[PDB]
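Below, read A as the first sequence line, B as the second, and so on, with proteins coming before strands; counting in each chain starts at 1.
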Amino acid sequence: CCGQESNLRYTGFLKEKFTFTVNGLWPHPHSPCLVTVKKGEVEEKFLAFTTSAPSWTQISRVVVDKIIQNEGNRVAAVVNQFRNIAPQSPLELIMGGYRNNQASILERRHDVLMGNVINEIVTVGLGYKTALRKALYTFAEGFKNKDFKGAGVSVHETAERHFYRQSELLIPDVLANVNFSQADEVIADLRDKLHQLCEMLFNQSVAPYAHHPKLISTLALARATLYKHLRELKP
DNA sequence: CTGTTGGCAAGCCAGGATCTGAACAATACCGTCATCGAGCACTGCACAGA
Ligand SMILES: [Zn+2]
């Protein structure tokens, strides 16, 4: 596994089925959580990479940090402590998680290494991500309400995954050219790029349902939603 | 063998209205996680004794 020499090396183990039930939610201090209020009670759910694993090369920790900071998400208890001990000190994460289909691991995202522009870049990135999601969720819902079947009800999931992968290609050049005087220019260029990408991904996600006349109002509403949110992103 | 030149080519005025443009029914399903032990199959294994 590691390639190092070792006196003792294990080669197998034994396991057996074993079940129980933990009622309630144990206050684990190492994970951020989502706060939801159902009925009058407060519900918490620990964060997990569900249908996407938000990540960019070099700055994945910043992407995850901002999602917790902005999108009912709450920071981990160990992070909450550090903020209270040093409120003015800059805070970066060491983070990781898996995307899974039951026993199968589909995706791994980990940032393990031991600035405001980067925050701005990530903030901009997430904005276009959100614009795309709202547009395609609008399509997916309309697709569902129109009694249509198939993968049309989750096109917002695939397109979100494709968003991060297609935009990751832009990141190295962006990071390489960032400095005091060039920051506003490279971020503006990033916006145009991400604007174009969102349009492409929208069209790509929706392409298999061309010539479905009953879906034209759903498609039209979805694209109008996209451009509404894209316009709100240009400063 | 030898075949030409000048001068000249128009203007007026006029192009429409009525009224009409559809409806129904139908858009799929499967598989591409895993676990455990059991109940029940190919499948060769020599043989012992036929
Ligand atoms: Zn090792």
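- A positive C1'-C2'-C3'-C4' angle places the sugar of B:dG11 in the north (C3'-endo) family.
- Against the 90° criterion about 0, the sugar-base torsion of B:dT32 places it in the anti range.
- If you walk DNA chain B from 5' to 3' and mark each nucleotide with an atom closer than 4.0 Å to a heavy atom of chain A, the marks span B:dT27 to B:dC36.
- Judged by the sign of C1'-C2'-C3'-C4', the sugar at B:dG44 is south, the angle being negative.
- Sugar puckers are classed by the sign of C1'-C2'-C3'-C4'; that of B:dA23 comes out north, on the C3'-endo side.
- B:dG21 has its base syn relative to the sugar, with a glycosidic angle deviating from 0 by at most 90°.
- The environment of A:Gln58 atom CD is sparse: at most 12 non-hydrogen atoms of other residues, nucleotides or ligands sit within 6.0 angstrom.
- In this strand, B:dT35 stacks on its neighbour B:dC36, with six-membered ring centres under 5.5 Å apart and planes inclined by less than 30°.
- Glycosidic torsion of B:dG15 falls within 90° of 0, placing the base in syn.
- Crowding of A:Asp192 atom CG: a count of heavy atoms from other residues, nucleotides or ligands under 6.0 Å exceeding 12.
- Remark: side-chain polar atoms of A:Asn73 are paired, donor with acceptor, to backbone N or O of A:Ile67 under 3.5 angstrom.
- Using a 4.0 Å cut-off between a side-chain N of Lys or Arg and a carboxylate O of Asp or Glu, A:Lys129 and A:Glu71 qualify as a salt bridge.
- In this entry B:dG15 carries a south-puckered sugar, per its negative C1'-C2'-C3'-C4' angle.
- Between the side chains of A:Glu160 and A:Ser52, at least one donor N or O sits under 3.5 Å from an acceptor N or O.
- For B:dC29, the ring torsion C1'-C2'-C3'-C4' comes out positive, which puts the sugar in the north group.
- Taking the six-membered ring for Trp, A:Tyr128 and A:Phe163 have ring centres at least 6.0 Å apart.
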